[PDB]
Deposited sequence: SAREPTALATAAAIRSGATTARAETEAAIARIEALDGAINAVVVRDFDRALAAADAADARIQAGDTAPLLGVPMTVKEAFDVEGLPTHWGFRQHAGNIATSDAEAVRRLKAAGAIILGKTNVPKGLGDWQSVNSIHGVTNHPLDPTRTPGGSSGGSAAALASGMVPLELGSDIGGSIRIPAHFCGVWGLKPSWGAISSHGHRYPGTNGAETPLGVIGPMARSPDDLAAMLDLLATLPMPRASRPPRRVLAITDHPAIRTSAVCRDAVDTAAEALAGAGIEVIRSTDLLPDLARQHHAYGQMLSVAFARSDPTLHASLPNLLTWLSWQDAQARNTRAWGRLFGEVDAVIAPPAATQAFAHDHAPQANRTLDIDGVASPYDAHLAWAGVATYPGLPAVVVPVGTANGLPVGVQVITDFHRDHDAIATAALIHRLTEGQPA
């Protein structure tokens, strides 16, 4: 039941603890627990302790930065100066730069999924930083019972996260065990200030079935539980609308675009890339999809849905993207989506994803928080 990031920060500021203590304790927890959970695959414990010392000095000098002294890890795909990335990074990723400027201590990097989600769930650290490579923020968060924000496309710079430009599906985003933690991370990471949460939602679309994959009853029931809780608080919940984009076609288009990213990654598959004119048509359809979602969001304030179809589930040197169907609902149009834990079933976490309109990230967090409070 370890404290939140904001709680740790305020405790360091108030003199109830120090950055050094928090870093020492987190190292101990990792060494204790990572024995059995191999999450922290790149350790930077000595430099971290020295940085904790630096942060303590800052605190004593009266500095008031919102994550000062808070230990954390980040996905191994982020450059951290002097650590390896799949090759030694000569500079920090932009997101890492911003986290350090806010005072956080990077203890090391977690293995690609859910490393980050495991580190959070096991209590090792209160903050983490993932990236949406096929639902790699939301699905681990759902599997492991923690919180994740897959932000609006382009909200946060992915410079230093792995030859340079932003990709039309990929985003980086915060993971935590608290919505207030997510919100503070978003405000630190965002290139430009994101709109503040508006009024509580008045109407929500709840969906439980996706044409591309069968969803388990547990995941469906979780959405239903959330829907009923919202209804009970006087929010109107609908289950169908003419403004819902065609999810089958959307999922097909998502898989096409996703396969480009992975075809480009290996020269042997370079022959199978589409031609430029096809690519430009795919980008136009993506843009249209975003606008279609915008129209839906003229009628509803949020969409609630499964994060994934299930709960948590060689001599050779994936084509199958239907497990990503639920992730692609938000990813393809670039909409923000928060995964929130809503309980355990069969001794395993289950969450719900809350999708809002483009740039309504803060609302996704607030509505997720509302669901959590109403579901206890």
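The deposited chain is incompletely modelled, with C-alpha atoms absent over 1-2, 89-96, 124-153, 203-206, 358-367, 372-375, 435-438.
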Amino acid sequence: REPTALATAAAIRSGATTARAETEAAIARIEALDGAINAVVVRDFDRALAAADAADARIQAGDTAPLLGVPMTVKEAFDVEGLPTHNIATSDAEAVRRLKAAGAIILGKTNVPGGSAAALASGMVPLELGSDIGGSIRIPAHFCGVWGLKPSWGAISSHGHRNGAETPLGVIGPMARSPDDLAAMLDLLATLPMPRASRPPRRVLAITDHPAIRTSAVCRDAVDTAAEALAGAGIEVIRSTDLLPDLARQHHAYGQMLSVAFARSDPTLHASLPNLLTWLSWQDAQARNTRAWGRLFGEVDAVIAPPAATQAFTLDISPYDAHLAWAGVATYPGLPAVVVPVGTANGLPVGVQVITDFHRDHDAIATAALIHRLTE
From here on, numbers count along this sequence of modelled residues.
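If you average the C-alpha B-factors over 94-102 and over 212-220, the higher value belongs to 94-102. As the entry records it, the average C-alpha temperature factor is higher for 194-202, out of 194-202 and 147-155.
Of all the options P140, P126, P267, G255, the entry's greatest CA B-factor is assigned to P267. Take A322, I37, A308, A312 and read off each C-alpha B-factor from the entry; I37 has the highest.
In the deposited entry, the Cα temperature factor of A165 places it in the highest third of its chain's modelled residues.
In the deposited entry, the Cα temperature factor of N346 places it in the middle third of its chain's modelled residues. The entry lists a Cα temperature factor for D284 that places it in the lowest third of the chain's modelled residues. In the PDB entry, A302 places in the lowest third of its chain by CA B-factor. Ranked by Cα temperature factor within the chain, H86 sits in the highest third according to the deposited record.
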